[PDB]
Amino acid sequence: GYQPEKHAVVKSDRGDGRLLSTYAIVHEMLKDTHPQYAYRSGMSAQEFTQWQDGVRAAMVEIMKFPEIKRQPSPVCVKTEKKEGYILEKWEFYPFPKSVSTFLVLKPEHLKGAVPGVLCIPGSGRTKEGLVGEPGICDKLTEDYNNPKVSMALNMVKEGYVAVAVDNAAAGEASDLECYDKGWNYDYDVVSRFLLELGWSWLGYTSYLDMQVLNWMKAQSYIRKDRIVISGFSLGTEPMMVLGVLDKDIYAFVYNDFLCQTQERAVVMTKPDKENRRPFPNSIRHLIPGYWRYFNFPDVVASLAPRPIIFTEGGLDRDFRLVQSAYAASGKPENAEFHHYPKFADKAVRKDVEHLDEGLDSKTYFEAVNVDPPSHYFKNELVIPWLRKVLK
């Protein structure tokens, strides 16, 4: 008889093959979308360069960075001595009537210029957590003494300059969360205002992060040729945007599983307990028109030849894609790939070119080799990798 699980796969019940539910129709439209800059193997060197440029042109188009009639320059509003380093807090002015902030950790007795690492936090997290400090308000505080959280502090302890930014709507940029909701920031309401205005959450937060990157390129004590961007979880998204736009960034740390998000939205259709087909993520992740151009594997692939480390798996297919682009760029060895420990042995993975439809969140994570309870900044892989690439 009736079985909700028999509705997991979306398909026509008509002899003519046509789809009647709007869900099915729009889902099919996504299945029928062939991204323009999907990476293809076997390109000539000229074709590769042109593809890489096309990816950048598409990113510029969809991110809609404004040209802002110059606002005042960034200003240091606080400096404190810590055990072995200095903590600076800076204000910057991205638009009229607006202010944003970032933190800078400088090693004590810094002589000549050293590598700088732009640290971008995860969902529910803040720059204070990244530098190992309590929250700006108590309800916004993270497990800041855990080295799995304090990415920026870890970087200053390696002798690098660490710059910690917030994600839009979170931390010091939050609204009423300090009174109740805490880490559960209302990113979506902010995203809606931006979307209404033709923009997006990622376009906005990336535009702000670009100003911090520009500030880092102007510091005499930061090696302009050794700027790294390290993103944890959500933070990998603005890192991708900055990396595509700025070819002079030296290296990248991608601390989230590498997701082919178009496929995910096509395959994750199994109804949940509420009899809904939840979208894989919220409008915080909506950049209109993105999938007409590319997916994350194509985007990160275009960062070639910059050294890049992936510390939390994804499908073998997508690692192969990135590896092929790196080979075409002439530095196949610059991209390094790791799986979650649970899936490090390929005997336990399913290496397929296409995922099956009818997945739910649990089965999708299983298919793409993700172990959510072990999601955290992989210092054990990143610190040694950076020691080697930054020489």
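Just count from 1 along the sequence shown to find any residue number.
Per-stretch averaging of Cα B factors for 150-158 and 306-314 places 150-158 on top. Two stretches are in play, 107-115 and 295-303, and the higher mean C-alpha B-factor belongs to 107-115. In the PDB entry, the Cα temperature factor peaks, among 320, 125, 276, 217, at 217. Among 361, 50, 33, 324, the highest C-alpha B-factor in the deposited entry belongs to 50.
Compared with the other modelled residues of the chain, the Cα B-factor recorded for residue 354 ranks in the middle third. Per the PDB record, residue ranking by Cα B-factor puts residue 133 in the highest third of the chain. In the PDB entry, a CA B factor belonging to the highest third of its chain's modelled residues is recorded for residue 84.
Per the PDB record, residue ranking by Cα B-factor puts residue 65 in the highest third of the chain. Annotation for residue 97: CA B-factor lies in the middle third of the chain's modelled residues.
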